[PDB]
Every structure is written in C-alpha cells, then in structure tokens.
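J.: Here it is: the structure, laid out below.
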Amino acid sequence: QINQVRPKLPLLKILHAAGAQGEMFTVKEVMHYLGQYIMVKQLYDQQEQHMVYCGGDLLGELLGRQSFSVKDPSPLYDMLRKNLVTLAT
Ligand SMILES: COc1ccc(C2=N[C@@H](c3cc(Br)ccc3F)[C@@H](c3ccc(Cl)cc3)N2C(=O)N2CCNC(=O)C2)c(OC(C)C)c1
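In terms of full-length UniProt numbering, the sequence shown opens at residue 23 and continues consecutively.
Next up, the structure:
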C-alpha cells in the first residue's frame, strides 16, 4: 500500500497527467507513472527505445534535459533529488 513521499508541484502535475491524483506516490510509483507518461505522450524513439526524446515537453523542461538514456538517467535523478524529498531505490 501507499508509503511516505513528498514531490514538487510541476512534477506532481506529470503524475496526475500520467493517470494519478493527490501528491502521495513513492519513487517506485513515480518512475512507473513517468514510464506511462513517456509512452502516453510519445516522448521516445521507436528504434532507440532505451533513449527518451521529450524535445520540449513540460517533463523535459522541468528535468532540464530534452533527451536522456534509460541506462544513463543522470539528469533524471538530478531533477528527482531536487524535486522530491530524496526518495531512492
Ligand atoms: C531497452 O530499453 C528500455 C529498457 C527499460 C525501460 C523501462 N524501464 C523502467 C524503469 C527504468 C528506470 Br531507470 C527506473 C525505473 C523503471 F521502472 C521504465 C521507465 C520508467 C521511467 C523512465 Cl523516465 C524510464 C524508464 N521503462 C518503461 O517504461 N518501459 C519498459 C517496458 N516496456 C515499455 O514499453 C516501457 C524502457 O523504457 C523506455 C521505453 C521509456 C526502455
């Protein structure tokens, strides 16, 4: 069931838009919803599926990189540690 977390408002809005409600979802849920959002808004390449291509989406603007890798999520963790209250997995 639901456990302790606190996000940032422009990141919580990605979480509502990915299918959620409230602001209370742990890093496991946040990353699941980020995967749904990237697939739902189509922020990736069909051959470079390990690579995200948000190009100017509110998610890419908020994270501060408009492209990043699933095997090198460095700007994604950097945004999360500055948005969320430091949830890690
Ligand atoms: C070889 O390339 C891969 C491999 C794996 C994925 C992958 N792995 C997850 C994941 C990764 C991490 Br770091 C931490 C927690 C996770 F939960 C998650 C995801 C969620 C949010 C983000 Cl920001 C990025 C990726 N993620 C998916 O959303 N998937 C994998 C299964 N099938 C799908 O269609 C969608 C993949 O994803 C890209 C398409 C986005 C591509």
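Every residue, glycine too, gets a C-beta built ideally from N, C-alpha and C.
To the nearest angstrom, report how far apart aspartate 79 and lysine 63 are at their CA atoms.
T.: Taking the first residue of the sequence shown as position 1, residue 79 is located at position 57. Taking the first residue of the sequence shown as position 1, residue 63 is located at position 41. Each residue's alpha carbon lies about 9 Å from the other.
J.: Under the criterion of a Cβ to heavy atom distance below 7 Å, does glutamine 64 qualify as lining ligand 1?
T.: In the sequence shown, residue 64 corresponds to position 42, counting from 1. Not under cutoff, so the answer is no.
J.: Under three-state DSSP, which class holds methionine 73?
T.: Taking the sequence shown and counting its residues from 1, one reaches residue 73 at position 51. DSSP places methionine 73 in strand when its eight states are reduced to three.
J.: So, for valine 107: in the same chain, excluding its five sequence neighbours on each side, which residues have a beta-carbon less than 6 Å away from its beta-carbon?
T.: Your numbering for residue 107 matches position 85 in the sequence shown. Same-chain partners within the cutoff: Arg28.
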